[PDB]
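Colleague: with the input below, show me the fold.
(9 chains, ligands or ions: 2)
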Amino acid sequence: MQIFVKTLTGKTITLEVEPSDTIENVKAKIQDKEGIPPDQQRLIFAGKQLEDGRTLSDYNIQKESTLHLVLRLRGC
Amino acid sequence: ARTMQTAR
Amino acid sequence: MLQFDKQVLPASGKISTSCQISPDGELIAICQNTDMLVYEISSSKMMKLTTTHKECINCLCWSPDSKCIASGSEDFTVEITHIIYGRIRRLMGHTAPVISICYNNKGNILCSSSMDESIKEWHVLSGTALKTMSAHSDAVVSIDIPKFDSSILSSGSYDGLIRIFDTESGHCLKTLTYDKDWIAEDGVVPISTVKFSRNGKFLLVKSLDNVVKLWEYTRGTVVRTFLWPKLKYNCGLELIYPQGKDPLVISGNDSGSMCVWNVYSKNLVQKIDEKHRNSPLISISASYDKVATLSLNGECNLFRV
Amino acid sequence: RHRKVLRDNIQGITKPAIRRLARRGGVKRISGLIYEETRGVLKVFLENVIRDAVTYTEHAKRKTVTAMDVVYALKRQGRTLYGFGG
Amino acid sequence: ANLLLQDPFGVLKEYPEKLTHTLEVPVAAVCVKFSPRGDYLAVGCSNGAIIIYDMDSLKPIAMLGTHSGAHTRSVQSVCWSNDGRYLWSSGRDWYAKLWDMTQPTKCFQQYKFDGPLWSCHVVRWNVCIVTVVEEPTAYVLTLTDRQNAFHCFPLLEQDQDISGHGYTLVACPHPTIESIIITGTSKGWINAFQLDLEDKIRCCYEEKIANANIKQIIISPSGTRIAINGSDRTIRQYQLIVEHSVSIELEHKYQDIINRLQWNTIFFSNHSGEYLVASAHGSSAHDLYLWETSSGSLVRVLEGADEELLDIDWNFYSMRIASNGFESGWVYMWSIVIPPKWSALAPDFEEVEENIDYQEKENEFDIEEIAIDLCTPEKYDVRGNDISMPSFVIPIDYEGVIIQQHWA
Amino acid sequence: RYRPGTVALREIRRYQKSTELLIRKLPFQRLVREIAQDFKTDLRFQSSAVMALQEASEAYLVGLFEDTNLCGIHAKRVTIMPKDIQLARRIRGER
Amino acid sequence: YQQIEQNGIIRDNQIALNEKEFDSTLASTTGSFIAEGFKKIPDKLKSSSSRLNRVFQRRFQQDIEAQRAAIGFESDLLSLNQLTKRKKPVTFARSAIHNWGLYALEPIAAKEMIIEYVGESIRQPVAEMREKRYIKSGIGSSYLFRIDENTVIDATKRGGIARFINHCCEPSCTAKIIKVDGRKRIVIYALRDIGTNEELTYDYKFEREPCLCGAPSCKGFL
Amino acid sequence: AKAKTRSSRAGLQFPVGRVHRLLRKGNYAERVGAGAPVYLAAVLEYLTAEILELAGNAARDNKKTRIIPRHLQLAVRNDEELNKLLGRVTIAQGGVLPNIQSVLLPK
Amino acid sequence: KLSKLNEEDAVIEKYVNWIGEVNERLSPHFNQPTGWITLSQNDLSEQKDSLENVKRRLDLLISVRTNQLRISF
Ligand SMILES: C[S@@+](CC[C@H](N)C(=O)[O-])C[C@H]1O[C@@H](n2cnc3c(N)ncnc32)[C@H](O)[C@@H]1O
Ligand SMILES: [Zn+2]
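Modeller: Numbering: from 1, shown residues only, chains lettered A, B, ... in the order given. Ligands and ions are numbered 1, 2, ... in the order given. Here you go:
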């Protein structure tokens, strides 16, 4: 099923995931689409920061939701 | 008509 | 599930506007014109009190530790008075009348409405003006704070709007419906009374067409509606708290008929009509187990699970 | 020990003093509104010279604004000063 | 804390960057310490006051020290109880006043010491570790069941001399163990004494890091990283491991390379200490620093104030940085500043920042019984905090409010 | 009683012929410490480095008044005014 | 009554002392709010630096560009606009000239860009459905702009705050059409020094066939 | 950021190879600190970034893509504290700031 | 019995004896050794007793407001 991982400054992506996918599985898909490493990613849903080991079903993520991604660029 | 515009 | 316990007050007399039970659940303040009837529920004792106010006091707010009562009326007076030690403070700020106010859950910032489309904020100890909140287009009737944290301020008003504000910096934060503009429909039914819940995650509204709805504002949409089997009263609303699992919403009709809605359904189970059947109802409140009623004639009615 | 933040010593550049200063500049009649304008001018001159006087000391890690550091502050703005050395 | 649930998103950034507030406190102030929740800000003052502000309108709710137990001399430190109800405050009057906000101006109990005091740190609300001047042990002040006897157990094993290791000047209790308290000598050794809360105290760690006069020791709130502030111009963050048997190793060092200056105070972030915030010492140090504790580099600099800053507090519930003025006495405050949104005006508004290419659909030319609960308060907020353990609200002095209209 | 304006010319020649300092010392040395408060706190002033600031501020104001009085004269009058001072500073580059 | 007399001796003289509560213009306030009439009335009784920013957004390309190296793909790291590193403080509130206006919270000087107009990109046909549909439901606020005569920009549902600018035929702002990187953008410059919390104005140029501005030297209609 | 080409390690654009050469074959002092050219290249890049930003801004506000010296005078002289750094200097081919003193306008 | 007042006047009375004697008896405790940091208590307990001697200035109008209360009805 389809999600948005719409990032803080204003633009959206379109991913294909399963609700049984891990967040790190979704964080892998962002990295395949952006090169941004999964350790610098925080995925936010209903204001709640989702953990790498948990699934999409755990957080009541439904079809065509908007997820929030907040990268932390290293350094300097 | 009611559409805002510049220079006309 | 719920029934009548006792009626202790006689009906007629002066204009009865507000009834509020303090959160300790034993001290009730009946608000009439410039006099406060205090009623201790223990041996049904009585107590009379009088303020320094001049006009019809439309508002009432209890202290969270039951040690103060403040009130605002249409003559722009915003008075803060002790329950036993009398008048202690006064604020005097608004450019239009005030209808309702509420204390913080810390008791330090009483919120305060004006009717000229502006909510204003006061720190009680400093007695000055903090933040102005002027985002509305009407006489703003009811501004409520949730019982548990003091994070947010919901503003329902006579223009038919349900607009949530900030209390830290004071910007509007969420809207749940449309205005005179932006639909143009006759679906701009004014809102009479907005009440938060016990935990504060769900809102309750009562529009001027006697239809009560319960909003899940975090998602933006509604999950409950309550109708009776057009209003011209700013009648009171509450949601009773029985020790059973289902806590019932209560509102009053144009007449003195008060039905109680099963909130886990969308229908009723019960109706209270054996009291207030002469006089029309303007306010209600509750406590852990001791709910009062009111109308233009002040008949307070205890009930219990 | 004691703690004072100064207030209004710019009124020490006195109305007769701005007159004597004007005399050496060769003027006959000083309008009364000069005496709050020169004070404005002088307070701007003193800032830019002290801010460079301090920046030199603070680099050299001192707490005394010595006479050569004042001179280097003047020498930098193209006011060179000749009686204090170097 | 429900503002941030819909503020909306875009507030988790783990520092504040704009200074928004300034407590114009005329009587200059050394130490500042927020409440355990974001409510109040205690302001340790120079002339013996301890002003207590309500963080919501930047104006005080009381100034304790009227009835009993005023700190006569300057106050160096203030901590709070775990709930936010009591307040230990160590000053230079040789007293360590434990306050109770319930009876606000009246001290609960005090104790006369051997000299002036450097700090205090509260482990349980009664017990408190207090640093006596130039004593090789810290006298833990355990407020016993009887209010007259505080057994000042020496925080030192019976024969392990630390002459040559130094003199105890700081002690910060471990958060996630709560029985080990790490204490810092004056010649670089760091003793780690595990209280049994009997009085046996195992020396779980005694080691010199560098031959410096230790100024301050802080722990991350997850006890993982520990940073030390030497008298050399260096900050030494370690990696702390304890089950008891405890062990550290040098993760990174922090130094002012250009200005080569001293560090006044240091502080750690909420969760695991991903950020260090330090205040430099010399002239032209006008700004707190930030450090990515893993990469080791200077990530950001919080350019707010105008002159040196002494104490740093970081209440993560408000995400604020209180930072007292070294010179003016004024108390600068940073705050994550949210901007408003006009998408709050209507329930169908939307704020885009690009000229979006809306693609045409067809019909542009064509003409509830779910689970409802009201009983549970929310357990967490967007920062993962321990909300719904109801904080001790201030009792507004309702014995003296009635005169408080008339002449203070 | 002299004619108004002739004590002036008897006072111009007197100051231009001598070289002592025209601002009082102590009301100046206090002004320098007031202004040095902003850029650093509790500075000491090696006490010939205030003489180095009178002699460079007095000799700046006097060179400004020589450039002010040329502007007042140029506007066909003999009385300097603050709309002259602000011109002389604007032409030199200073403001 | 003697009890009421000793309350009366306090309550008669001190009501000429305590009641100094006269601040208003004193309109018709004799009616009570106990019957709770609506009284729809249109009665209005209310009132009627850039360094750090440019270095702030300079830090965002000091961060984002380090790890964009292979990919690449837009994903919101596509400079996260241009024409934003100059935007201004400007807010929205209850306007003196309409419901909602835009206010310069900084003393912006003579010829200085405030804000680009943001919203949807729709063509002239789909504009005309939207221009009638909103009025068919009665929105009654024309949020469309013109970039080149066969496309408009819509600001009803999406957009930036730049819609909130009102009209005044005595202008203070105008909107030139500046292109960045090969599409047009609608950026809104200034004509005069705009004060702090001053209202922002504009000509709309509705060519060719009611001005609530209340300013004298302006055509009453639009 | 990288490990070669010493400007890469500081994450700059201005070279620290060229600057560190030019601080020793310029005879400013005897021994140039190894930190010094980095800090000097950081200040130089910042000014070249700030003056190219206000130049480019005034190039789109005159509808032109590239930057000609007339934009550089408008970037400097309209600024409050870049004009002061460049007070005595003169930019070739670079016009004037448009102003007309008030009494010259009619009335 | 005047049950609405007496809780106030007893702690007015506590200022006279109990707050008094906990503040009085610190000063004769000096008289056994003799009679700065060694016993700097002299000046501060005149600022402490400044708040005590102005306490009787303030504790008047908390008992005089009640005289304004019982005449109010
Ligand atoms: C380009 S939009 C501006 C948005 C408007 N400021 C608002 O609050 O929604 C066009 C709107 O401007 C308002 N308007 C146009 N001319 C006006 C005027 N002269 N005085 C007051 N309002 C005007 C009309 O209400 C119309 O809906
Ligand atoms: Zn007009």
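
Colleague: hmm, stretch C:196-206 in reach of chain A?
Modeller: No: judged by CB under 8 Å from any CB of the partner chain, stretch C:196-206 and chain A are separated, with a smallest distance of 12.0 Å. Bear in mind the C-beta positions are built from the backbone N, C-alpha and C, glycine included.

Colleague: near chain A, which residues of chain I show up?
Modeller: Counting by CB under 8 Å from any CB, no residue of chain I is near chain A.

Colleague: and the residue of chain G closest to chain F?
Modeller: The minimum distance from chain G to chain F, using CB to the nearest CB, falls at residue G:109 (18.6 Å).

Colleague: that residue touches residue G:195, doesn't it?
Modeller: No: look at residue G:109 against residue G:195 with CB atoms under 8 Å: they stay out of range, at 11.0 Å.

Colleague: for chain D, longest helix please?
Modeller: Longest helix in chain D, counting residues (DSSP state H): helix D:38-60.

Colleague: quick one on the thing from earlier: if we ignore the residues flanking it in sequence, what's nearest the residue of chain G closest to chain F?
Modeller: With sequence-adjacent residues excluded and distances taken as CB to CB, 6 or more residues apart in numbering or on different chains, residue G:109 is closest to residue G:193, at 5.6 Å.

Colleague: and residue C:80, what is it in contact with?
Modeller: The contact partners of residue C:80, taken as CB atoms under 8 Å, 6 or more residues apart in numbering or on different chains, are C:68, C:70, C:87, C:88, C:89, C:90, C:91, C:110, C:124.

Colleague: quick check on those: which are buried?
Modeller: For the contacts of residue C:80, a burial check counting by 16 or more other CB atoms under 10 Å in any protein chain shown picks out C:68, C:70, C:88, C:89, C:90, C:91, C:110, C:124.

Colleague: distance of the residue of chain B found nearest chain C from residue G:206?
Modeller: Closest residue of chain B to chain C, CB to the nearest CB: residue B:2 (15.0 Å). Residue B:2 is 6 Å from residue G:206, where distance means CB to CB, to the nearest Å.

Colleague: if we check chain E, which of the buried ones among the contacts of residue C:80 are in contact?
Modeller: C:68, C:88, C:89.

Colleague: picking that back up, max pairwise distance over the contacts of residue C:80: which two?
Modeller: Within the contacts of residue C:80, C:87 and C:110 form the most distant pair, 15.5 Å apart (CB to CB).

Colleague: burial count for residue I:68?
Modeller: 11 (other CB atoms under 10 Å in any protein chain shown).

Colleague: and the contacts of the one helix or strand it maps to?
Modeller: Residue I:68 belongs to helix I:60-70 when assigned by DSSP states H and E. Contact with helix I:60-70 is made by C:85, C:86, E:402, E:403, E:406, I:5, I:8, I:9, I:12, as judged by CB under 8 Å, 6+ apart.

Colleague: who does residue E:288 form a beta bridge with?
Modeller: For residue E:288, the beta-bridge partners under DSSP bridges are residue E:302.

Colleague: residue E:189 contacts residue E:160, correct?
Modeller: No: judged on CB under 8 Å, residue E:189 makes no contact with residue E:160 at a distance of 10.3 Å.

Colleague: tell me the secondary structure at residue D:68.
Modeller: Assigned with DSSP: H, G, I helix; E, B strand; the rest coil, residue D:68 falls in the helix class.

Colleague: OK, contacts around it?
Modeller: D:84, D:85, D:86.

Colleague: if we use 7 Å, what do you get?
Modeller: D:85, D:86 (CB atoms under 7 Å, 6 or more residues apart in numbering or on different chains).

Colleague: measure it to residue F:52 for me?
Modeller: 9 Å.

Colleague: same deal with residue A:22?
Modeller: 73 Å.

Colleague: check residue E:234 too.
Modeller: 40 Å.

Colleague: my read: residue E:208 touches residue E:188, true?
Modeller: Yes: contact criterion CB atoms under 7 Å: residue E:208 and residue E:188 qualify, at 4.4 Å.

Colleague: the more surrounded of those two?
Modeller: residue E:188 (21 against 14).

Colleague: ok, back up a step: anything in the longest helix of chain D near chain H?
Modeller: No: Helix D:38-60 lies apart from chain H when judged by CB under 7 Å from any CB of the partner chain; the minimum separation is 11.5 Å.

Colleague: check which helix or strand covers the closest residue to residue B:8 other than its chain neighbours.
Modeller: Nearest residue to residue B:8 in three dimensions, chain neighbours excluded: residue G:207, at 4.9 Å (CB to CB, 6+ apart). Using DSSP H and E, residue G:207 sits within no helix or strand.

Colleague: and if you look at the one 4 residues further on?
Modeller: Assigning secondary structure by DSSP H and E places residue G:211 outside every helix and strand.

Colleague: what of the one 10 residues further on?
Modeller: Under the criterion DSSP H and E, no helix or strand holds residue G:221.

Colleague: distance check, it against residue G:101.
Modeller: Relative to residue G:101, and taking CB to CB, residue G:221 is found at 20 Å.

Colleague: swap in residue I:66?
Modeller: For residue I:66 relative to residue G:101 (CB to CB), the value is 55 Å.

Colleague: swap in residue C:17?
Modeller: 38 Å.

Colleague: residues in contact with stretch E:379-394?
Modeller: A:47, A:49, C:106, E:1, E:4-5, E:12, E:36-37, E:39-40, E:61, E:83-85, E:101, E:270, E:316-317, E:377-378.

Colleague: from those residues, which land in strands?
Modeller: A:49, E:40, E:61 (DSSP state E).

Colleague: of those, which is the most crowded?
Modeller: Busiest of these [other CB under 10 Å] is residue E:40, holding 26 neighbours.

Colleague: what lies in contact with stretch F:33-53?
Modeller: Against stretch F:33-53 from outside (CB under 7 Å, 6+ apart): D:5-6, D:9, D:46-47, D:49-51, D:54, D:58, D:63-67, D:70-71, D:81, D:84, E:283, E:327, F:29, F:32.

Colleague: coming back round to it: in terms of neighbours, single out the busier of residue G:221 and residue G:101.
Modeller: residue G:101 (18 against 9).

Colleague: make sure the more buried one is actually in contact with residue G:164.
Modeller: Yes: counting by CB under 7 Å, residue G:101 does reach residue G:164; the two are 6.3 Å apart.

Colleague: quick check: neighbours shared by those two?
Modeller: Joint contacts of residue G:101 and residue G:164 (CB under 7 Å, 6+ apart) are residue G:92.

Colleague: now the most centrally placed residue in chain H: which helix or strand?
Modeller: Nearest to the geometric centre of chain H sits residue H:48, at 3.4 Å (CA atoms, centre = their mean). Assigned by DSSP H and E, residue H:48 belongs to helix H:36-60.

Colleague: just residue C:37 next, same as before
Modeller: strand C:35-40.

Colleague: just the CA atoms of that strand, as CSV, please.
Modeller: This file holds the C-alpha atoms of strand C:35-40, laid out as CSV (Å, rounded to 0.1, in the frame of the first residue of the first chain):
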residue,chain,number,x,y,z
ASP,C,35,-25.1,37.5,45.1
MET,C,36,-23.5,34.1,45.5
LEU,C,37,-25.5,31.4,47.2
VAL,C,38,-23.1,28.9,48.7
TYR,C,39,-24.5,25.5,49.5
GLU,C,40,-22.5,22.9,51.5
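
Colleague: C-terminal to that strand, what's the next element?
Modeller: Strand C:35-40 is succeeded, C-terminally, by strand C:45-50 (DSSP H and E).

Colleague: ok, that next one near chain G or not?
Modeller: No: Strand C:45-50 stays clear of chain G (CB under 7 Å from any CB), getting no nearer than 7.7 Å.
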